[PDB]
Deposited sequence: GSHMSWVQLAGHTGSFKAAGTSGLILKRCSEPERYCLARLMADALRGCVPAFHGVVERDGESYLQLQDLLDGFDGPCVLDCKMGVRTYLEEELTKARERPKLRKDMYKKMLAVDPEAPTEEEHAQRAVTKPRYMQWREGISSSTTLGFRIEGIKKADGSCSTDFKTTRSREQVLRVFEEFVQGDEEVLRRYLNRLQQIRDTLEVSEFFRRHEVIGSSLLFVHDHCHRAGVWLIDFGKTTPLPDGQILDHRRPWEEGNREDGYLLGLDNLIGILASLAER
């Protein structure tokens, strides 16, 4: 019905207009959504209607992706082998901002993960934290990870930081679709069509797509949709340069592994469909 309905039961605010939602405007994300409305990927992303001012602040006016659904179930998949910009690596070398928050979350999961010096600092750099998160989740090996589920019963979970193996990921999707063969078939048809759109997209070949998600939405009526969201760290390649989006990331090459992730994700859902 609406995301803000769920929020009621961060960067998001209720829109006055029916079927819309407001997201705090960021310069890279605004640039991206404007381009995407004219791209092959137009139908694979939420409609972007422009910017509005609320309480002296700028908001993206977006399609509420939950609007067409009756009690939506939602799963957010973070796409890519890398979840931070290469510029974070330069910043942490020349002028590191030590992060005490990130030390704590790391310590909780693996007490032996932090180095002697990180333990002494009670702090880690952002790229160290984000690379560690990639390796204990499925990000590094499979090129995506499950971040969160919101269920029709009102329940939500973010308990997926150690969801890493192909079979662990399959079991989360298995629980998410609750044996609805029609929802799974529709998800797979939509992911196949998104992959085809990404492989021909002018936007996609010319942009490093970091920190974006695939939002899976379904309901008890067997309606099922998937969209790309979150273009806050999606940046153009300089001087008409392109990515293949499959080859491994090496600092300098700006590769995101986006399609390595999507390939693996389709493979897992195709496997689940045959179980």
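Stretch of the deposited sequence lacking C-alpha coordinates, numbered from 1: 10-13 only.
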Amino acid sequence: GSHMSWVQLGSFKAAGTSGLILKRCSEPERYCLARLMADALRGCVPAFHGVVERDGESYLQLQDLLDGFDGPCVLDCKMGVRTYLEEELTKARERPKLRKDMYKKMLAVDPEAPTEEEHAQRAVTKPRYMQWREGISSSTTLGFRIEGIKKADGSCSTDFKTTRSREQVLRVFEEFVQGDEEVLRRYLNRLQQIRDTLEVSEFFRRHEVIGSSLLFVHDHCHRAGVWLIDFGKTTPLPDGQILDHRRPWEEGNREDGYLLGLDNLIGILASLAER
From here on, numbers count along this sequence of modelled residues.
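Just so we're on the same page, rigid core means the largest C-alpha set that superposes within 1.5 Å between forms.
With 152-160 and 185-193 as candidates, the stretch whose CA atoms show the greater average offset from this form in 9 other deposited structures of this protein after a core fit is 152-160. Larger average C-alpha displacement in 9 other deposited structures of this protein, relative to the shown form after a rigid core fit, is seen for 107-115 when comparing 107-115 with 80-88. When the other compared entries with both flanking residues are checked, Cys25 is modelled in all of them, not unmodelled in a third. Looking at the other PDB entries for this protein, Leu9 is absent from the model in a third or more of those that include the residues around it.
Per-stretch averaging of Cα B factors for 13-21 and 258-266 places 13-21 on top.
Mean CA temperature factor is higher for 88-96 when stretches 88-96 and 135-143 are set side by side in the entry.
Set against one another, the Cα B-factors of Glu199, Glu182, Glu118, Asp101 in the record reach their highest point at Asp101. In the PDB entry, the Cα temperature factor peaks, among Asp64, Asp230, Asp39, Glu250, at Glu250. Annotation for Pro111: C-alpha temperature factor in the highest third relative to the rest of the modelled chain, per the entry.
The deposited CA B-factor of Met79 belongs to the lowest third of values across its chain. Sort the modelled residues of the chain by CA B factor and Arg54 lands in the highest third. Among the modelled residues of the chain, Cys221 sits in the middle third by CA temperature factor in this PDB entry.
Placement of the Cα temperature factor of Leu60 within the chain: middle third of the modelled residues, per the deposited record.
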